[PDB]
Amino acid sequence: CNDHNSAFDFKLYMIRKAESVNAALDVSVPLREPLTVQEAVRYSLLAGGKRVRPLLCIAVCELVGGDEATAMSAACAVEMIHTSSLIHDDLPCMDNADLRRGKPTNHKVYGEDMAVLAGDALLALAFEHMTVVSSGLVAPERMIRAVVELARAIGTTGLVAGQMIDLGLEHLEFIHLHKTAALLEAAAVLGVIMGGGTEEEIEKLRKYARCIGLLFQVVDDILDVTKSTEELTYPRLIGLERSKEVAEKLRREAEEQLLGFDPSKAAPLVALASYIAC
């Protein structure tokens, strides 16, 4: 984790993509009347984010030869779903967070009822937004495949199952595979689909995204024991040293999925794995 030129480039990449994503999200949920609805939806959606999921979607679409523009509504859709899951996670019945990124959580602003409902609205808006924009830009069979992939990433085979179970090691990887990886996989596969890429590229980048998600969760535990005096985790299941080994194996596994792609087009995803691992 040493090459600073690619890190500088990627830092700039992140800022630019996040800016583009924030503009498109702002436009995706217009401040139109009835404000009661739109405001509660917008509050959590337009709060500051690293936007790694829509960024991954965009980067993958570019990798296989596509444009940011073409990938943007799918990218926004995955950020909407991710936002919905955060709203419900923060709820008193679940995590009971007062704060999110330093700012009051949704239910703390609008009430619990409104927060539940806002989560529901965001789930529906993802499918609507993605389909209504993307259907004009890709073959209808691809559009249908995109809808299926999104829906599957959300459900009993994806995000919701992972949330429910989160209430030995194989269990921890189950949680991480479902809460984090499924929606990242969705983001990457939607990237390939929106970029006109092949079935092979779809599975390669699905694998890439799975590695990236797992890597994020391992590195999160490492960072916590490494920087919280209080600190079920990887360093307490298999040690801190082996935890770092696992992180590094995951990162190299992600990187190998990008072999044979155009170096230039591959650079942001190489750098994304490096950024996460360090």
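Start at 1 and count along the sequence shown; that's the residue number.
Counting the unmodelled positions of the deposited sequence between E231 and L232 gives a long gap of 10 or more residues.
Missing deposited residues between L167 and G168: 10 or more, all without coordinates in the entry. Higher mean CA temperature factor between 150-158 and 183-191: 150-158, per the PDB entry.
When 103-111 is weighed against 129-137, 103-111 comes out higher, by mean CA B-factor as recorded in the entry. Of the candidates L214, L55, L45, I238, it is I238 whose Cα B-factor is highest according to the PDB record. Ranking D90, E173, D120, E199 by the C-alpha B-factor listed in the PDB entry places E173 at the top.
For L272, the recorded CA temperature factor ranks within the middle third of the chain's modelled residues. Residue-level temperature factors show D9 in the lowest third of its chain, judged at the C-alpha atom.
Compared with the other modelled residues of the chain, the Cα B-factor recorded for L63 ranks in the middle third. Per-chain ranking of the deposited C-alpha B factor places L259 in the highest third. Among all modelled residues in its chain, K204 ranks in the middle third by Cα B-factor.
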